[PDB]
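Per chain, numbering begins at 1; letters A, B, ... match sequence-line order. What you see below is based on every heavy atom in this structure, not just the backbone, and it leaves out hydrogens, waters and symmetry mates. Atoms within each ligand, like the ligands themselves, are counted from 1 in listed order.
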Amino acid sequence: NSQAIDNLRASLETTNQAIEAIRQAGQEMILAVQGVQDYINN
Amino acid sequence: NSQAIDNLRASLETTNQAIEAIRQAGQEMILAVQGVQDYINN
Amino acid sequence: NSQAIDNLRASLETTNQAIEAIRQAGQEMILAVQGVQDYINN
Amino acid sequence: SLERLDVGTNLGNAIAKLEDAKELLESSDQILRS
Amino acid sequence: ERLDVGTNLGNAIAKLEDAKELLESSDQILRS
Amino acid sequence: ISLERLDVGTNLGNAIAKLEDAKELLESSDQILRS
Ligand SMILES: [Mg+2]
Ligand SMILES: [Mg+2]
Ligand SMILES: [Mg+2]
Ligand SMILES: [Mg+2]
């Protein structure tokens, strides 16, 4: 059971990092769309 | 171990809320791209 | 305790699948923004 | 005659994936509650 | 009018901020 | 002359790279769970 709990902790810390990577991808997508708007308005 | 289990549950509930926030951010990104398309066309 | 670990594993597997769906949504949004750029340029 | 911009296929695919994600997060939450 | 999708992009930014706060809270629960 | 065109490829390319990082990290989480 300790090994299983260790495996769950390891998996969740890695899953939280995967989410952080998608969060950062989202930030870059927002910058891309803002760049499209800024181009169109210029 | 029982403490590690209750802690894993509370962490995963919080992770799930983080993911729901990123999911709604993605909806907002899509709405922005739709707004760019509508402007270009209309 | 055994059933609680099984429950946490089932939830984390399901959470990972949700994240993967959001990751794929992100890939599709990027294709859409690249399509907008290509339209504006060409 | 300029053709219309249409990225709705990719955006509609993204929308559907975010709907799938919502169903899965709700499933995950309900597994935890049980 | 100009093109303005700032309401939706600002909302996306705000939601990603919320996600960051929640991920930091989740990571602290694990730590603690 | 590139300034005559729209180019948001730096931001898109950064997003693509982070979605690839996420996929690697999810595959690792899945592998640890399976193990
Ligand atoms: Mg660890
Ligand atoms: Mg579906
Ligand atoms: Mg404004
Ligand atoms: Mg906030």
Side-chain angles (χ1 to χ4, degrees), chain A residues 1-21 30-31 33-42, chain B residues 1 3-5 7-12 14-15 19-20 23-24 26-36 38-39, chain C residues 5 8-9 12 14-29, chain D residues 8-28 30, chain E residues 2-15 23-24 26-32, chain F residues 24-35:
Chain A
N1 269 17
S2 268
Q3 180 58 268
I5 284 154
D6 296 332
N7 284 359
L8 279 166
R9 288 192 168 280
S11 171
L12 188 42
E13 283 199 31
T14 302
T15 287
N16 279 352
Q17 289 179 318
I19 302 166
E20 175 60 16
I30 291 164
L31 288 170
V33 181
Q34 186 62 53
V36 176
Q37 171 175 304
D38 292 346
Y39 182 91
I40 288 168
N41 286 331
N42 266 141
Chain B
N1 273 6
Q3 184 61 62
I5 287 170
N7 173 275
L8 271 165
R9 179 178 326 272
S11 175
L12 186 46
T14 303
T15 288
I19 304 162
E20 174 63 15
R23 192 186 74 73
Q24 286 185 88
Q27 292 181 314
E28 289 283 359
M29 301 169 199
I30 293 165
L31 285 168
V33 181
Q34 288 183 331
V36 172
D38 291 344
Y39 186 86
Chain C
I5 290 152
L8 283 174
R9 192 174 299 102
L12 184 46
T14 304
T15 288
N16 283 349
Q17 289 160 39
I19 301 159
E20 176 61 14
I22 295 166
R23 196 184 71 76
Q24 291 185 16
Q27 297 181 296
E28 288 288 318
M29 295 180 197
Chain D
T9 296
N10 292 132
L11 292 185
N13 292 341
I15 292 169
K17 281 285 175 178
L18 293 185
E19 286 305 298
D20 292 344
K22 189 186 182 190
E23 300 162 0
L24 291 158
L25 289 169
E26 290 182 350
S27 285
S28 179
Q30 181 167 148
Chain E
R2 97 150 201 231
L3 168 61
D4 193 352
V5 293
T7 297
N8 295 303
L9 293 183
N11 288 359
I13 290 169
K15 292 291 189 176
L23 280 174
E24 288 174 342
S26 172
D27 284 320
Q28 182 59 52
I29 292 164
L30 270 198
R31 195 64 56 88
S32 285
Chain F
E24 294 173 348
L25 289 161
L26 289 172
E27 282 166 353
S28 171
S29 182
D30 186 61
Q31 175 272 311
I32 298 175
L33 272 191
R34 268 200 287 89
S35 90

Original post:
With A:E20, which residues qualify under salt bridge (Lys or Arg N to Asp or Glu O under 4.0 Å), at least two apart?
Top reply: A:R23
**OP:** Mind listing the closest non-hydrogen atom pair of C:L12 and B:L12 along with its distance?
**Re:** N-CD2, 3.8 Å
Original post:
If you take all heavy atoms of C:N16 and F:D30, which pair is closest and at what distance?
Top reply: ND2-N, 4.2 Å
**OP:** Give a yes-or-no answer on whether the side chains of B:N7 and E:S32 include a donor-acceptor pair shorter than 3.5 Å.
**Re:** no
**OP:** Consider only side-chain N and O atoms of A:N1 and B:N1, and report whether a donor and an acceptor are under 3.5 Å apart.
**Re:** no
**OP:** Mind checking how many protein N/O/S atoms fall short of 2.8 Å from the Mg ion (ligand 3)?
**Re:** 1
Out of curiosity, [X] [atom1] to [Y] [atom2], how far, rounded to the nearest 0.5 Å?
X	Y	atom1	atom2	value
F:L33	F:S29	CG	OG	5.0 Å
C:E28	D:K17	CD	NZ	8.5 Å
E:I29	B:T14	CD1	OG1	3.5 Å

Original post:
Using a cut-off of 2.8 Å, how many protein N, O or S atoms lie below it in distance from the Mg ion (ligand 2)?
Top reply: 1
Original post:
Who pairs with E:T7 by side-chain contact (heavy atoms from CB on, under 4.5 Å), at least two apart in sequence or on another chain?
Top reply: E:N11
